[PDB]
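Below: one structure, written as structure tokens.
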RNA sequence: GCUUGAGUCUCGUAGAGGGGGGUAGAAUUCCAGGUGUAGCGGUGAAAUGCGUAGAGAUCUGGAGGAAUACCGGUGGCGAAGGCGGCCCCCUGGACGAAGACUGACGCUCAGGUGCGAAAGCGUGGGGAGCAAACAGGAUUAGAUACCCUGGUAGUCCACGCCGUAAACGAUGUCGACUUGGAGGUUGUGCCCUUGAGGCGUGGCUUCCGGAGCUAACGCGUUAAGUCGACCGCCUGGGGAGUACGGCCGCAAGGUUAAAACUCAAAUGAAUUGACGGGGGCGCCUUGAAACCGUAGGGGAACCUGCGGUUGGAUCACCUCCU
Ligand SMILES: [Mg+2]
Ligand SMILES: [Mg+2]
Ligand SMILES: [Mg+2]
Ligand SMILES: [Mg+2]
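Residue numbers (the entry's author numbering), protein chains in the order written: chain R, 10 to 74; chain O, 2 to 89; chain F, 1 to 106; chain U, 10 to 61; chain Y, 17 to 268.
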């Protein structure tokens with residue numbers, strides 16, 4: 010766990026598409042936190058960020074769109 | 002739920018000095034100012050029952066404090082309710 | 001006053017008037033005695049899915065600390081100005097001055 | 010690119026997408042009480058394995 | 017499905033029927049011999065329908081009964097009771113016991129023959145009988161009881177405990193008799209208008225009739241008929257229902 | 001008088017808490033074409049249904065109403081009912097930090113007042129999808145069910161009402177005390193060699209379990225342990241939350257609430273056989289829904305819709321003294 014905890018301890022993020030891509034399926038769905046290894050605090054922040062990133066077409070909603 | 006500066010004006014009015022917070026006068030005053038302000042909220046937000054649960058807590062808290070002060074000193078009580086126009 | 005991010009996108013075929021837009025909105029900010037801590041453009045940039053049947057639209061960011069009032073003015077100016085195809089306003093915790101990762105990639 | 014290897018690649022992608030399981034379960038509405046009961050039933054049906 | 021078992025109530029039903037010549041009597045659903053015998057006995061000759069052809073053979077081959085009845089073997093909802101009323105010289109007494117899914121159909125078919133029937137005498141389940149006789153202002157009231165009370169005067173005869181039946185149900189049941197009115201106390205221009213008024217109303221029985229029959233009539237029509245549109249559908253007697261039916265029919 | 005309870009202030013923190021207003025991508029249906037053509041659709045199979053006026057399919061364009069895939073969790077918030085796309089606007093509460101301040105200001109609470117799922121009602125909108133009722137096709141000994149094709153109310157919204165739910169942790173509120181253990185979540189301090197770590201230290205919360213308690217089941221520092229203050233409630237089973245009266249409600253009904261009369265029980269937990277249908281391998285042993293509130297149908301007990309709860313099943317014959 011503690012290495013993934015460091016990913017949360019370092020940063021809280023939106024607009025870093027390069028890091029967001031670490032936590033999405035190719036079909037555009039959010040990865041569940043247990044698979045990411047990250048703590049739930051950061052999972053919420055990531056989900057909120059992804060939702061904003063989808064709104065501005067930075068990330069797709071699906072595979073197709 | 003109040004600006005530090007409105008709080009500062011109120012405590013510098015009703016309080017003993019800047020070291021006083023929470024003398025009964027300070028409390029009932031800032032509590033009253035909050036209650037006055039929230040009339041504007043509920044005048045729009047009729048259906049905000051979960052917010053008004055806090056308002057009911059506040060007006061009853063005001064009543065409890067006033068009644069304590071009334072039995073502790075009628076002079077402080079009467080001049081304070083005079084200044085705030087309370088028992089309106 | 002409230003810090004904000006304001007982030008918005010402009011039609012590729014109106015991207016040339018974007019400097020004029022930065023004038024109009026920055027003049028609203030300073031004319032409100034508000035202040036600005038970032039202004040950025042990321043050019044024409046491709047869209048993960050089509051917006052208004054378009055592609056490649058032009059992206060813009062501001063970091064700001066204006067009084068709430070004028071944010072609703074410029075916000076409603078976005079619904080008036082069809083060259084802006086989307087906008088998002090965020091009541092961010094702080095003024096922030098370090099460039100967007102969209103710039104820092106350069 | 011062999012057709013049947015592209016078919017295996019496709020089959021893995023739709024399996025990873027879970028879409029047949031989703032459209033299967035999405036076939037009907039449900040009174041929310043029963044998925045609540047089913048959820049906690051599965052939670053204890055799992056937790057009983059944790060014990061050794 | 018059920019048929020009776022105990023002689024006390026069998027004898028009570030067949031005696032309460034008072035089945036004698038000078039009456040155009042016909043059984044439907046003769047069922048078990050025990051309850052068809054006393055009526056086929058007291059009537060010198062009796063007509064019957066059984067729906068089942070196998071039971072019709074069992075009873076037609078029974079020398080108590082086959083020589084003493086004329087017997088028919090078909091769905092009674094096909095059966096031309098208006099011609100049987102002619103063949104029996106006067107309008108019929110129609111009576112018996114059945115599995116009674118068919119009950120709702122029986123009533124409509126009997127009502128298709130209100131001229132050809134002198135009276136009907138049948139066992140039925142407690143809730144549907146208490147509904148059939150229900151007073152307008154009760155939860156037991158509603159559209160089918162309205163149509164029944166429109167077509168006929170309706171009269172409970174006697175009530176029977178569940179252990180009385182050969183396969184005993186859980187459900188108490190009563191014999192009831194009813195009488196097509198010699199002239200309709202409620203004259204109506206048509207019955208389809210009644211049937212649709214009543215179904216619309218009872219499909220909406222919790223809301224005001226302004227929000228039921230006032231979806232078709234106006235409030236000024238309803239109050240013009242003397243009816244308060246703020247009532248619920250289960251406040252309304254068959255009298256004003258047939259008045260509404262006449263109003264619909266004559267203003268259309 | 002006091003500062004320990006209570007409570008104010010300053011700084012942070014987490015959060016589907018509420019109210020108001022924008023907005024997005026999926027999706028269904030529908031409309032308008034376009035390409036196209038004999039089928040589609042549905043079931044166990046059928047039928048009803050839809051299509052040669054071109055359906056179905058598939059492309060485009062438009063409409064409209066509804067809901068937020070995934071995150072999402074043995075997870076957070078909320079008095080409870082409940083709260084979940086995103087942004088804004090208003091707004092409630094909570095917890096930690098470190099002081100400062102008031103000075104017993106407290107707890108509980110009959111009446112009272114207000115909030116209060118789902119259903120239903122009231123007034124005026126909306127109506128995509130779904131769907132009581134209804135309608136029609138099937139199934140069945142019958143079938144009212146179970147199946148299908150339809151479908152109104154309703155479901156949505158604003159503004160009134162109702163005021164009930166297995167509204168249940170079936171567990172009143174507040175305060176003190178009393179072994180441990182493994183987690184979760186959210187603050188915080190110190191140490192960090194950093195980044196991980198590692199010492200602490202609040203809050204919330206989950207599962208084990210000691211003592212003790214308990215009819216037993218179990219509960220167990222978030223007690224069902226040990227106790228203090230006040231409130232609510234019960235006094236065999238049915239009759240019956242039923243009558244009647246009062247109150248309340250637009251109406252549904254709600255609410256308060258009998259008695260006669262009737263029975264020797266009624267009941268909770270748990271033990272052993274049946275279970276049994278088995279299931280595995282003579283032997284171990286189980287492929288074997290009830291309800292709640294509410295609204296409507298009504299051959300049944302019943303059937304249907306809405307949403308809540310889990311309390312998800314059996315049944316029981318030949319004698320005796322130290
Ligand atoms: Mg309505
Ligand atoms: Mg509703
Ligand atoms: Mg009562
Ligand atoms: Mg609940």
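Cβ coordinates follow ideal geometry from the N, Cα and C atoms, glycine included.
Proximity winner among F/29, F/44, F/37, F/53, relative to residue 14 of chain F (alpha-carbon distances): F/44
Cβ of residue 36 of chain R within 8 Å of any chain U Cβ: yes
Spatial neighbours of residue 241 of chain Y in its chain, beta-carbon cut-off 8 Å, leaving aside the 5 residues before and after: 256, 259, 260, 263
Assigned exposure category for residue 85 of chain F - 16 Cβ within 10 Å defines buried: buried
Residue nearest to residue 104 of chain Y in terms of C-alpha spacing, selected from Y/78, Y/82, Y/132: Y/132
Alpha carbon of residue 59 of chain Y to alpha carbon of residue 247 of chain Y, nearest angstrom: 50 Å
Nearest residue (CA-CA) to residue 43 of chain Y, options Y/130, Y/73, Y/109: Y/109
Which residues DSSP lists as bridging residue 40 of chain Y, in chain order: Y/108
C-alpha distance - residue 16 of chain F paired with residue 24 of chain R, whole-angstrom precision: 24 Å
Buried/exposed call for residue 165 of chain Y, threshold 16 Cβ in 10 Å: buried
Residue(s) in a DSSP beta bridge with residue 5 of chain Y: In the structure displayed, chain Y extends from 17 to 268; residue 5 of chain Y sits before or after that span and is not available.
Three CB pairs or more closer than 8 Å across the region 203 to 216 of chain Y and the region 229 to 245 of chain Y: yes
Cβ of residue 47 of chain F within 8 Å of any chain R Cβ: yes
Members of the region 74 to 102 of chain F near chain R, C-beta cut-off 9 Å: 86, 88, 90, 100, 101, 102
Residue from Y/72, Y/80, Y/38 with nearest C-alpha to residue 87 of chain Y: Y/72
Ligand 5 heavy atom lying under 7 Å from the CB of residue 44 of chain O: This structure simply doesn't include ligand 5; it includes ligand 1, ligand 2, ligand 3 and ligand 4 instead.
Member of Y/55, Y/37, Y/251, Y/26 whose CA lies at the smallest distance from the CA of residue 156 of chain Y: Y/251
At least 3 beta-carbon pairs within less than 8 Å: the region 83 to 97 of chain Y vs the region 20 to 34 of chain Y: no
Proximity of residue 150 of chain Y and residue 107 of chain Y at Cβ, strictly below 8 Å: no
Limits of the beta strand (DSSP E) - the one that residue 267 of chain Y falls within: Premise fails: residue 267 of chain Y lies in the alpha helix (DSSP H), 254 to 267, not in any beta strand (DSSP E).
Contacts that residue 29 of chain R makes with chain F (C-beta to C-beta distance below 8 Å): Chain F residues near residue 29 of chain R: none, gap ~10 Å exceeds 8 Å.
Any C-beta of chain F under 8 Å from that of residue 69 of chain R: yes
Closer than 8 Å to chain F by CB, residue 24 of chain R: yes
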